[PDB]
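Mapped onto the deposited numbering, the consecutive letters of the sequence shown carry residue numbers 265 to 485. One structure is given below, encoded as structure tokens.
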Amino acid sequence: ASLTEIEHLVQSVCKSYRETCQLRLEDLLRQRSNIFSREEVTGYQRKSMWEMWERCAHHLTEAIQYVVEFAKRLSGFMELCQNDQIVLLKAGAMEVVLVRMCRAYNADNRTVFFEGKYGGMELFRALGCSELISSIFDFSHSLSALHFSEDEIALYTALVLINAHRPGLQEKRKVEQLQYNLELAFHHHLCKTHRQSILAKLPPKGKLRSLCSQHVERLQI
Ligand SMILES: COc1nc2ccc([C@](O)(c3ccnc(C(F)(F)F)c3)c3cnc(C)n3C)cc2c(Cl)c1CN1CCC(C(F)(F)F)CC1
């Protein structure tokens, strides 16, 4: 694994994310002024849990679609066997989406972009998952404090997908080979941008899975 190869890997990863990030970001930052009025927030709270769960379920499904496209555009990922690709996506797709969401989170007023405007966590009262949604707002808040950059998100969510310790793989050493090169590109790029400091400030990652596995009680696919 040469150096210019690692620099290519970085650019190759940052372009894949730019093409599959779902929302441009400058759109997100621009609309931070577009906030839900107390009346609009009530319209969301009066919805039933089934109405809200369906809306959200449709957002995740669409989000996960962009993550698969992101994975599908990663060099090396397509070279894996089909079993590994499904194993990795089936385990990491959701975690990547949780990390991607921090971009829609505005730490100024503790609101997230949701269907055209920004709202606080009281917007999802109908789901009945007060604690779960609180935890997500904390996570997104932690990542926003770092001023996570587009390329940092692209390299990091790549390291969330390409995890050689996922159970079910059968060409493990290939995922390890790929996982290390994405760590090299991540570290290398952080050096070029004087951003080695965000490493210690990153949430572990067992918590990233903890929000899913520990707090998820899936009843719809
Ligand atoms: C705070 O809670 C949420 N906040 C969201 C923020 C943005 C988007 C959104 O889909 C989105 C916006 C920007 N970027 C992303 C991406 F990058 F993440 F893909 C997604 C979106 C919104 N409005 C539009 C037009 N869009 C596209 C969906 C969101 C959802 Cl569903 C939820 C509720 N969830 C959370 C996790 C779930 C769990 F089970 F895991 F707990 C269950 C319940």
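Cβ coordinates follow ideal geometry from the N, Cα and C atoms, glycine included.
A Cβ-Cβ distance of about 17 Å is found for the pair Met-316 and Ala-368, leaving them out of contact under the 8 Å criterion. Annotation: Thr-375 is outside any alpha helix (DSSP H); the continuous beta strand (DSSP E) that includes it extends over 375–378.
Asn-298 sits in coil when the DSSP states are folded into three classes, being neither helix nor strand.
Judged by the Cβ position, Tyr-308 fails to qualify as a neighbour of ligand 1 at the 7 Å threshold, every heavy atom of the ligand being at least this far.
For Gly-384, there is no enclosing beta strand (DSSP E), as DSSP marks it with neither H nor E.
At least one heavy atom of ligand 1 lies closer than 7 Å to the C-beta of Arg-367. Rounded to the nearest whole angstrom, the CA to CA distance from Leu-287 to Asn-298 is 16 Å. Ligand 1 never approaches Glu-416 closely enough for any of its heavy atoms to be under 7 Å from the residue's Cβ. In the three-state scheme derived from DSSP, where H, G and I count as helix and E and B as strand, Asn-427 is classed as coil.
Counting of Cβ neighbours within 10 angstroms places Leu-463 among the exposed residues, the total staying below 16. A direct Cα-Cα distance of roughly 22 Å separates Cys-455 from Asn-427. Remark: three or more beta-carbon pairs, one from each stretch, lie closer than 8 Å, so the segment 327–338 and the segment 353–363 are flagged as touching.
For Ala-422, the CB contacts under 7 Å within the same chain, skipping 5 residues up- and downstream, are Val-277, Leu-338, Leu-446 in chain order.
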